[PDB]
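First the structure, in the form of structure tokens, and then the observations on it.
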Amino acid sequence: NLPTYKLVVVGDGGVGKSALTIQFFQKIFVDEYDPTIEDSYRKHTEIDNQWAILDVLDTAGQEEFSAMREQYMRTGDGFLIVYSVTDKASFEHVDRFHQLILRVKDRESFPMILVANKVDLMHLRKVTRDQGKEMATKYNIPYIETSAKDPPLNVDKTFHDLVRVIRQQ
Ligand SMILES: Nc1nc2c(ncn2[C@@H]2O[C@H](COP(=O)(O)OP(=O)(O)NP(=O)(O)O)[C@@H](O)[C@H]2O)c(=O)[nH]1
Ligand SMILES: [Mg+2]
Numbered sequence: 010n011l012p013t014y015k016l017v018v019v020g021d022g023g024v025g026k027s028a029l030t031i032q033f034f035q036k037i038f039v040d041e042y043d044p045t046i047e048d049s050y051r052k053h054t055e056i057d058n059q060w061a062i063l064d065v066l067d068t069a070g071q072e073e074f075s076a077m078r079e080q081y082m083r084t085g086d087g088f089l090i091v092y093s094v095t096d097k098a099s100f101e102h103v104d105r106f107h108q109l110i111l112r113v114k115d116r117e118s119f120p121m122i123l124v125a126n127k128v129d130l131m132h133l134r135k136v137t138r139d140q141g142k143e144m145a146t147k148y149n150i151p152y153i154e155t156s157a158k159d160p161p162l163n164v165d166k167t168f169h170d171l172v173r174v175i176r177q178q
């Protein structure tokens, strides 16, 4: 009797999809890099006085798992396209992810948020806020900056904001 939303987290290997997801669910930061194939996590939560069930699908960034990722992506109600602000290649691959989502959902637009992660690494940052916002605006999608490292920045907000975007549908 509650709406269920499948929230799919995509992006290049190592950008922090799992760290964001784990902060969201467990409120801890994982320091180890253990590559994901596919994991799903469920919680009941209340956003703006309205309860929902969230199934968060944490996908593989490693390109060897791309066939399986595409299949899991089909089921999505909304997407976080995550890059790392310390990894220029991950930012340049945002287009590939944008194209992919629209293809797998067979639509001209779809609920998604561009997520610029690892902003706590201010001395290693390579992609500017202006660059990120420009990329998001090109696709007419929201833009938000995050850090999964303690103390986390905008983690809960990002997932909640994706739900807000889905609720516009
Ligand atoms: N400083 C900092 N490190 C982060 C952040 N997010 C992730 N990391 C670190 O970056 C590494 C990769 O994170 P991880 O969440 O595994 O990335 P992933 O995108 O899930 N990788 P995969 O696609 O292979 O599953 C880990 O060492 C993790 O601690 C962040 O916001 N800040
Ligand atoms: Mg992962």
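Here the authors' numbering = 1-based position in the sequence shown + 9. Idealized CB from N, CA, C, for every residue including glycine.
Residues of the same chain with their beta carbon placed closer than 6 Å to that of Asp-165 are lacking, with the five preceding and five following residues left out of the count. Beta-bridge pairing by DSSP links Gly-22 to no other residue. As a beta-bridge residue in DSSP terms, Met-121 pairs with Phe-88.
Distances from the alpha-carbon of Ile-62 to those of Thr-68, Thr-54, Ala-69 put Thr-54 closest. The beta carbon of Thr-30 lies closer than 7 Å to those of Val-18, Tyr-50, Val-65, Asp-67 in the same chain, with the five residues before and after it left out.
Closer than 8 Å to some heavy atom of ligand 1: that does not describe the Cβ of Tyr-81. At a cut-off of 8 Å, the beta-carbon of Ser-75 does not count as near ligand 1: no heavy atom of the ligand is closer than that. According to the DSSP assignment, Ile-153 belongs to the beta strand (DSSP E) that extends over 152 to 154. DSSP, read as helix, strand or coil, puts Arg-51 in strand. Remark: the C-beta of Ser-27 is in contact range of ligand 2, defined as less than 8 Å to any heavy atom. Excluding the 5 residues flanking it on each side, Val-174 has same chain C-beta neighbours closer than 8 Å at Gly-87, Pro-120, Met-121, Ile-122, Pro-151, in chain order. The DSSP-derived three-state label of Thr-30 is helix.
Remark: three or more beta-carbon pairs, one from each stretch, lie closer than 8 Å, so the stretch 93 to 107 and the stretch 19 to 26 are flagged as touching.
Remark: the C-beta of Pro-44 is in contact range of ligand 2, defined as less than 8 Å to any heavy atom.
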